Structures are given as C-alpha cells and as structure tokens.
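K.L.:
Numbering (the authors' numbering), first residue to last: 700 to 1040.
The beta-carbon is built from N, C-alpha and C at its ideal position, and this holds for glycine as well.
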Ligand code: NI
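(1) Looking at the unbroken alpha helix (DSSP H) that takes in residue 1011, where does it start and where does it end?
(2) Collect the residues with a C-beta less than 6 Å away from any heavy atom of the ligand NI and give them in sequence order along the chain.
(3) From 810, 1038 and 818, pick the residue whose C-alpha is nearest to that of residue 790; which is it?
(4) Within the same chain, show all residues whose beta-carbon is closer than 7 Å to that of residue 839, passing over the 5 residues directly before and after it, in chain order.
(5) Please report the distance separating the alpha-carbon of residue 731 from that of residue 869.
(6) Can you tell me the Cα-Cα spacing of residue 941 and residue 722, whole angstroms?
(7) Tell me the DSSP secondary structure of residue 1053 in three-state form.
(8) Run through DSSP, which three-state label would residue 877 get?
(9) Does the Cβ-Cβ distance between residue 876 and residue 793 come in under 9 Å?
(10) Rounded to a whole number of angstroms, what is the C-alpha to C-alpha distance between residue 700 and residue 975?
(11) Comparing C-alpha positions only, which one of 983, 704 and 821 sits nearest to residue 874?
(12) Within 10 angstroms of the Cβ of residue 882, are there 16 or more other Cβ atoms? Answer buried if so, exposed if not.
(13) May I have the straight-line CA-CA distance separating residue 917 from residue 1023, to the nearest angstrom?
(14) At 4 residues or longer, and completely inside the segment 983–1007: list those alpha helix (DSSP H) runs for me, N to C.
(15) With H, G and I counted as helix, E and B as strand and the rest as coil, what does DSSP make of residue 661?
(16) Quick check: the Cα distance between residue 852 and residue 996, rounded to an integer number of angstroms?
(17) Helix, strand or coil: how does DSSP classify residue 775 here?
(18) Whole alpha helix (DSSP H) runs in the segment 889–968 with 4 or more residues, listed along the chain?
(19) How about residue 1001 and residue 845: are their beta carbons less than 9 Å apart?
(20) May I ask you to report which of helix, strand or coil DSSP gives residue 826?
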C-alpha cells in the first residue's frame, strides 16, 4: 500500500508512486526523475496522466514505451495548472531531468517535495524565494553529520588530472567509467574532453543519453568502441575480473586499464581529502572510488532547510527504522533551534 510520505494532502496527487497498482483517490501521478526506485511500475500499459519534466518524458516514451497521450511534460520555472491546482517544477541538481515540485493548495498551504536533490545556494534565488512553505517532503539520504563530501567540481578536477597524466605517460592505457543509471555524466564526459576522445558505450546506453537534450552530444559519445579511449561499462563489471576480461576483448589495442567508480559516500571521506585518494591496483588494472554525489551533504541539507524555514518536515529517505527516524527528528529540532524559527 502507498506510504503516506508519497501522498500530497488536499489534492488527488501522488509523487513517485507507481509500484502500488491503482492508488485509491489518485487523479494524477507525478514522477520527479528517471531512476528505477522511483519509476518502478511504469510501462506501455499505464493509462493514467503522468506529470514530469521534458527530459523525464523523453525517457518514459523511448525507454519504457509509455504512450504519448498519457505523458504530460511541463517546462521548468513556470506556473502551471494541474486539475485545478497551481504547480511549479524546479531544478533538483540531481540527474538529468530531475525536479522538485512546488504545490499551491486551494486552501493556501504551500508544499515543496524535493524528490532526490543536492541542495545548493543557487536554489535560494529561484521561485522559492517568493513565498513561504508550510510542508517540506525532504530527501534525507545523507542526514547525518558524518556525511561530508567535496564539491562536484573538485572531484572532476581530480578525475581529469589523473586520467590526463595516466594516458600522457602511457598512450596505450584505456580509461573505463562505471555506470548503472542516468546521472554523473560529467565524470566520463570531462575525462573524454581532456583526452580528445569520444566515449564509447553500448547501443542501449547511447539511446538513453540521446534522450537527455544534452547539447553537442553527437560530439562526445559513440557506439564505435574501437575509435574511443574512454569506455562506459556496467557498474557490476568495475572489478578486477570484469576489467581483465574487457581488456582481452580490446584485441591488444591497450595494455593497461585505469577505471573510475563514482559513488555516493565512503567512510574514507571521514579521514581523507580528495587530493589524497589512491587506487586499488592489481597487475595492469587500477580502480579509483571517487565521491561524486548527486545528493546533499549533511551541511548542504542543513543550510537549505535553515534558509527555507518550513513549518513541518517529512523525511522521504531512511524512514524504515525507529532509530533512523529518531535521529533525523533530533537534527531537525537542532536546526530549528539554532536558526530561531
Ligand atoms: Ni535518484
């Protein structure tokens, strides 16, 4: 049955609630972004109205074969009317096409649902600045003070520098980047850009990327693996056995693999600066875990909430244990006390 934190009170709306069958009372289904824990249940047989961004709509049509008459894409940063209720979609700084959703209830209540987001001060100058928010449905994925991580820009600098140095020293090295969903595209694209290569990948992953409006993408990606020195592979293949096998498949074109596994967080962040990160090596294979996050750090999340000053916070992540819920509620109280709302 649909959990309560996926239901918008005073409307016929749900958010990311497609794995429950027909939700009793539901007149429109919102989808924040194209990741499988959120879309699980959409297909060509779905015949309710789905509201989402343009890019998420492109992916629904092409990857899942949802029929076009049921897809209702909305422009960002624009007041739109859905079943008599004013709504606005805002950039969530998560993966391509990911949004937050502002709802303006008929009774005057204002609700923000973050979806998955990485808070940023640029958000403090969107249509959020212009009115009060009564309820916040918050992506709390890393709501504990141990979760620190660097900016995306510092992680990309590290990756570009590492790869440019390895290939300059050995022009027969192959660079590999792991992936399992959309998101984190800047990793493999920035590396390709510095080496003056295109990124080679499967036809299916190429198709996915062509759905994302990314300008000059024909210029950065390809399915001709042979002409590329940056290959994208399944995340499950980013291990010593998997990359040994891939290297054999390259026909003696390359004699060394440098691989990157972007990840959310790892405990090494508690002890280690980005500059100090080192690979796991075996034979002619090195694997770098890099802390490229598309969710808020604890301190980014705290700043956002203390800026917004909501009257009630409803967590959407880590809600399944009493100890987690308790812990998050204690931080919310502190934030409120410290900020004086
Ligand atoms: Ni996500």
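P.N.:
This is what the structure holds:
(1) Against the chain shown, residue 1011 aligns to sequence position 312. It is not in any alpha helix (DSSP H) - residue 1011 instead sits in the beta strand (DSSP E) that spans 1011–1014.
(2) Taking each Cβ in turn, the ones that pass are 732, 734, 793 and 815.
(3) Position 91 of the chain shown, counted from the first residue, corresponds to residue 790. When the alpha-carbon of residue 790 is set against those of 810, 1038 and 818, the nearest one is in 818.
(4) As a working mapping, residue 839 is identified with position 140 in the chain shown. Once the five neighbours on either side are set aside, the close Cβ partners of residue 839 are 1014, 1015, 1016, 1017 and 1027.
(5) By 1-based counting over the chain shown, the position of residue 731 is 32. By 1-based counting over the chain shown, the position of residue 869 is 170. When rounded, the distance between both Cα atoms is 43 Å.
(6) In the chain shown, counting from the first residue as 1, residue 941 sits at position 242. In the chain shown, counting from the first residue as 1, residue 722 sits at position 23. So the two alpha carbons sit approximately 42 Å from each other.
(7) Any question about residue 1053 goes unanswered here, given that the chain covers just 700 to 1040.
(8) Translated into the one-based positions of the chain shown, residue 877 becomes position 178. In the three-state reduction of the DSSP assignment, residue 877 falls in the strand class.
(9) Within the chain shown, the letter at position 177 stands for residue 876. Within the chain shown, the letter at position 94 stands for residue 793. Judged by their CB atoms, residue 876 and residue 793 are not nearer to each other than the 9 Å cut-off.
(10) Working through the chain shown from its first residue, we reach residue 700 at position 1. Working through the chain shown from its first residue, we reach residue 975 at position 276. Approximately 47 Å between the Cα atoms of the pair.
(11) Taking the chain shown and counting its residues from 1, the one referred to as residue 874 is at position 175. Ranking 983, 704 and 821 by Cα distance to residue 874 puts 983 first.
(12) Taking the chain shown and counting its residues from 1, one reaches residue 882 at position 183. Classification of residue 882: buried, given that the 10 Å Cβ count is 16 or more.
(13) Taking the first residue of the chain shown as position 1, residue 917 is located at position 218. Taking the first residue of the chain shown as position 1, residue 1023 is located at position 324. Going by the C-alpha atoms only, they are around 45 Å apart.
(14) With a minimum length of 4 residues, the continuous alpha helix (DSSP H) runs that stay inside the segment 983–1007 are 997–1007.
(15) Nothing can be reported for residue 661: it is not among the residues displayed for the chain, which extend from 700 to 1040.
(16) One-based indexing of the chain shown puts residue 852 at position 153. One-based indexing of the chain shown puts residue 996 at position 297. Near 15 Å, if we compare the C-alpha coordinates of residue 996 and residue 852.
(17) Locating residue 775 in the chain shown gives position 76, where the first residue counts as 1. Of the three classes helix, strand and coil, the one that applies to residue 775 here is coil, per DSSP.
(18) As far as the segment 889–968 is concerned, its whole alpha helix (DSSP H) runs of at least 4 residues are 902–909 and 939–948.
(19) Here residue 1001 refers to the residue found at position 302 when the chain shown is read from its first residue. Here residue 845 refers to the residue found at position 146 when the chain shown is read from its first residue. When the beta-carbon positions are compared, residue 1001 and residue 845 stay at least 9 Å from each other.
(20) Stepping through the chain shown from its first residue, residue 826 is reached at position 127. DSSP places residue 826 within a helical segment (H, G or I) once states are collapsed to three.
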